[PDB]
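A.B. asks: Provided below: coords.cif, containing mmCIF, N, CA, C and O atoms; chains and numbers go by the auth columns.
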data_work
loop_
_atom_site.group_PDB
_atom_site.id
_atom_site.type_symbol
_atom_site.label_atom_id
_atom_site.label_comp_id
_atom_site.label_asym_id
_atom_site.label_seq_id
_atom_site.Cartn_x
_atom_site.Cartn_y
_atom_site.Cartn_z
_atom_site.B_iso_or_equiv
_atom_site.auth_seq_id
_atom_site.auth_asym_id
ATOM 1 N N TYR A 1 102.433 108.944 100.990 0.00 1 Z
ATOM 2 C CA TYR A 1 102.387 108.030 102.126 0.00 1 Z
ATOM 3 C C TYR A 1 103.594 107.140 102.069 0.00 1 Z
ATOM 4 O O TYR A 1 104.343 107.174 101.084 0.00 1 Z
ATOM 5 N N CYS A 2 103.805 106.372 103.105 0.00 2 Z
ATOM 6 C CA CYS A 2 104.815 105.356 103.085 0.00 2 Z
ATOM 7 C C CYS A 2 104.259 104.170 102.331 0.00 2 Z
ATOM 8 O O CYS A 2 103.031 104.079 102.127 0.00 2 Z
ATOM 9 N N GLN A 3 105.102 103.263 101.933 0.00 3 Z
ATOM 10 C CA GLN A 3 104.633 102.137 101.213 0.00 3 Z
ATOM 11 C C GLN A 3 104.183 101.093 102.187 0.00 3 Z
ATOM 12 O O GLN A 3 104.835 100.844 103.208 0.00 3 Z
ATOM 13 N N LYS A 4 103.037 100.560 101.895 0.00 4 Z
ATOM 14 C CA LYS A 4 102.407 99.519 102.648 0.00 4 Z
ATOM 15 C C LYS A 4 103.201 98.243 102.416 0.00 4 Z
ATOM 16 O O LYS A 4 103.994 98.190 101.497 0.00 4 Z
ATOM 17 N N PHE A 5 102.969 97.252 103.229 0.00 5 Z
ATOM 18 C CA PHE A 5 103.683 95.976 103.188 0.00 5 Z
ATOM 19 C C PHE A 5 103.851 95.403 101.752 0.00 5 Z
ATOM 20 O O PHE A 5 104.943 95.383 101.203 0.00 5 Z
ATOM 21 N N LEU A 6 102.776 95.017 101.131 0.00 6 Z
ATOM 22 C CA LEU A 6 102.841 94.435 99.796 0.00 6 Z
ATOM 23 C C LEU A 6 103.081 95.482 98.709 0.00 6 Z
ATOM 24 O O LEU A 6 103.266 95.159 97.529 0.00 6 Z
ATOM 25 N N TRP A 7 103.049 96.726 99.106 0.00 7 Z
ATOM 26 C CA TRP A 7 103.348 97.830 98.247 0.00 7 Z
ATOM 27 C C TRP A 7 104.847 97.920 98.119 0.00 7 Z
ATOM 28 O O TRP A 7 105.527 98.390 99.026 0.00 7 Z
ATOM 29 N N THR A 8 105.355 97.385 97.036 0.00 8 Z
ATOM 30 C CA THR A 8 106.765 97.411 96.749 0.00 8 Z
ATOM 31 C C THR A 8 107.322 98.838 96.851 0.00 8 Z
ATOM 32 O O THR A 8 106.755 99.807 96.305 0.00 8 Z
ATOM 33 N N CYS A 9 108.370 98.958 97.585 0.00 9 Z
ATOM 34 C CA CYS A 9 108.979 100.213 97.830 0.00 9 Z
ATOM 35 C C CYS A 9 110.232 100.326 97.002 0.00 9 Z
ATOM 36 O O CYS A 9 110.778 99.316 96.518 0.00 9 Z
ATOM 37 N N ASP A 10 110.636 101.520 96.765 0.00 10 Z
ATOM 38 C CA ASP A 10 111.904 101.786 96.153 0.00 10 Z
ATOM 39 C C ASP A 10 112.660 102.519 97.187 0.00 10 Z
ATOM 40 O O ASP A 10 112.047 103.037 98.100 0.00 10 Z
ATOM 41 N N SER A 11 113.939 102.646 97.047 0.00 11 Z
ATOM 42 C CA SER A 11 114.729 103.381 98.023 0.00 11 Z
ATOM 43 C C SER A 11 114.441 104.899 97.938 0.00 11 Z
ATOM 44 O O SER A 11 114.982 105.692 98.691 0.00 11 Z
ATOM 45 N N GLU A 12 113.558 105.269 97.022 0.00 12 Z
ATOM 46 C CA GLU A 12 113.159 106.637 96.820 0.00 12 Z
ATOM 47 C C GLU A 12 111.820 106.853 97.516 0.00 12 Z
ATOM 48 O O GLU A 12 111.407 107.975 97.778 0.00 12 Z
ATOM 49 N N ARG A 13 111.155 105.750 97.815 0.00 13 Z
ATOM 50 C CA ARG A 13 109.846 105.766 98.424 0.00 13 Z
ATOM 51 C C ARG A 13 109.912 105.106 99.800 0.00 13 Z
ATOM 52 O O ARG A 13 110.196 103.921 99.909 0.00 13 Z
ATOM 53 N N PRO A 14 109.666 105.872 100.859 0.00 14 Z
ATOM 54 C CA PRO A 14 109.824 105.403 102.243 0.00 14 Z
ATOM 55 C C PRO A 14 108.846 104.305 102.667 0.00 14 Z
ATOM 56 O O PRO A 14 107.677 104.287 102.259 0.00 14 Z
ATOM 57 N N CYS A 15 109.333 103.398 103.476 0.00 15 Z
ATOM 58 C CA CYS A 15 108.511 102.394 104.076 0.00 15 Z
ATOM 59 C C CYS A 15 107.984 102.897 105.387 0.00 15 Z
ATOM 60 O O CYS A 15 108.595 103.771 106.014 0.00 15 Z
ATOM 61 N N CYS A 16 106.830 102.413 105.764 0.00 16 Z
ATOM 62 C CA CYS A 16 106.196 102.765 107.020 0.00 16 Z
ATOM 63 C C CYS A 16 107.081 102.399 108.230 0.00 16 Z
ATOM 64 O O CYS A 16 108.006 101.583 108.118 0.00 16 Z
ATOM 65 N N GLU A 17 106.798 103.005 109.367 0.00 17 Z
ATOM 66 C CA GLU A 17 107.600 102.823 110.569 0.00 17 Z
ATOM 67 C C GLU A 17 107.489 101.400 111.113 0.00 17 Z
ATOM 68 O O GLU A 17 106.406 100.945 111.505 0.00 17 Z
ATOM 69 N N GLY A 18 108.609 100.705 111.119 0.00 18 Z
ATOM 70 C CA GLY A 18 108.647 99.320 111.544 0.00 18 Z
ATOM 71 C C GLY A 18 108.803 98.399 110.357 0.00 18 Z
ATOM 72 O O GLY A 18 108.907 97.178 110.497 0.00 18 Z
ATOM 73 N N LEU A 19 108.785 98.992 109.181 0.00 19 Z
ATOM 74 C CA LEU A 19 108.929 98.279 107.953 0.00 19 Z
ATOM 75 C C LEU A 19 110.263 98.634 107.301 0.00 19 Z
ATOM 76 O O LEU A 19 110.746 99.771 107.432 0.00 19 Z
ATOM 77 N N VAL A 20 110.866 97.667 106.659 0.00 20 Z
ATOM 78 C CA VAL A 20 112.143 97.821 105.979 0.00 20 Z
ATOM 79 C C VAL A 20 111.917 97.802 104.479 0.00 20 Z
ATOM 80 O O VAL A 20 111.043 97.070 103.984 0.00 20 Z
ATOM 81 N N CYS A 21 112.680 98.576 103.751 0.00 21 Z
ATOM 82 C CA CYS A 21 112.488 98.647 102.324 0.00 21 Z
ATOM 83 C C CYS A 21 113.326 97.614 101.572 0.00 21 Z
ATOM 84 O O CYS A 21 114.426 97.897 101.081 0.00 21 Z
ATOM 85 N N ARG A 22 112.853 96.393 101.604 0.00 22 Z
ATOM 86 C CA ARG A 22 113.418 95.287 100.847 0.00 22 Z
ATOM 87 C C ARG A 22 112.786 95.356 99.419 0.00 22 Z
ATOM 88 O O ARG A 22 112.262 96.411 99.054 0.00 22 Z
ATOM 89 N N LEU A 23 112.933 94.296 98.585 0.00 23 Z
ATOM 90 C CA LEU A 23 112.152 94.126 97.314 0.00 23 Z
ATOM 91 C C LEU A 23 110.741 94.727 97.433 0.00 23 Z
ATOM 92 O O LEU A 23 110.291 95.509 96.584 0.00 23 Z
ATOM 93 N N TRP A 24 110.061 94.357 98.497 0.00 24 Z
ATOM 94 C CA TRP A 24 108.803 94.934 98.841 0.00 24 Z
ATOM 95 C C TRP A 24 108.939 95.400 100.279 0.00 24 Z
ATOM 96 O O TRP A 24 109.972 95.121 100.911 0.00 24 Z
ATOM 97 N N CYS A 25 107.962 96.068 100.798 0.00 25 Z
ATOM 98 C CA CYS A 25 108.081 96.622 102.118 0.00 25 Z
ATOM 99 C C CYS A 25 107.855 95.517 103.131 0.00 25 Z
ATOM 100 O O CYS A 25 106.787 94.963 103.214 0.00 25 Z
ATOM 101 N N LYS A 26 108.853 95.182 103.882 0.00 26 Z
ATOM 102 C CA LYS A 26 108.717 94.097 104.811 0.00 26 Z
ATOM 103 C C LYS A 26 108.601 94.594 106.212 0.00 26 Z
ATOM 104 O O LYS A 26 109.279 95.525 106.597 0.00 26 Z
ATOM 105 N N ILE A 27 107.753 93.969 106.970 0.00 27 Z
ATOM 106 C CA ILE A 27 107.591 94.302 108.359 0.00 27 Z
ATOM 107 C C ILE A 27 108.704 93.634 109.151 0.00 27 Z
ATOM 108 O O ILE A 27 109.253 92.612 108.703 0.00 27 Z
ATOM 109 N N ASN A 28 109.080 94.204 110.270 0.00 28 Z
ATOM 110 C CA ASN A 28 110.069 93.565 111.125 0.00 28 Z
ATOM 111 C C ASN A 28 109.403 92.384 111.818 0.00 28 Z
ATOM 112 O O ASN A 28 108.698 92.551 112.812 0.00 28 Z
#
Will you turn the file into structure tokens for me?
C.D. replies:
Amino acid sequence: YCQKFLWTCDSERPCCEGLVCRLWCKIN
């Protein structure tokens, strides 16, 4: 799955649509 908001993402792990992969997955 994509990483949920508080689910810290890595640049190897995609963020959900509308979310940016910062330190953690941030919503726009």
A.B. asks: What's the separation between atom C of residue 12 of chain Z and atom CA of residue 28 of chain Z, in Å to one decimal place?
C.D. replies: 19.1 Å
A.B. asks: Just the strand (DSSP E or B) stuff from chain Z, please, per backbone DSSP, written as an NGL selection string.
C.D. replies: :Z and (3 or 15 or 19-21 or 25-27)
A.B. asks: Running the PyMOL selection byres (((chain Z and resi 6 and name CA) around 10) and name CA) on this model by hand, what would come out? Give it as a VMD selection string.
C.D. replies: chain Z and resid 3 to 5 7 to 9 23 to 27
A.B. asks: The PyMOL selection byres (((chain Z and resi 16 and name CA) around 7) and name CA) - which residues does that actually catch in the file I just gave you? List them as a list in words.
C.D. replies: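 With the shown file as input, the PyMOL selection byres (((chain Z and resi 16 and name CA) around 7) and name CA) matches residues 2, 3, 4, 14, 15, 17, 18 and 19 of chain Z.
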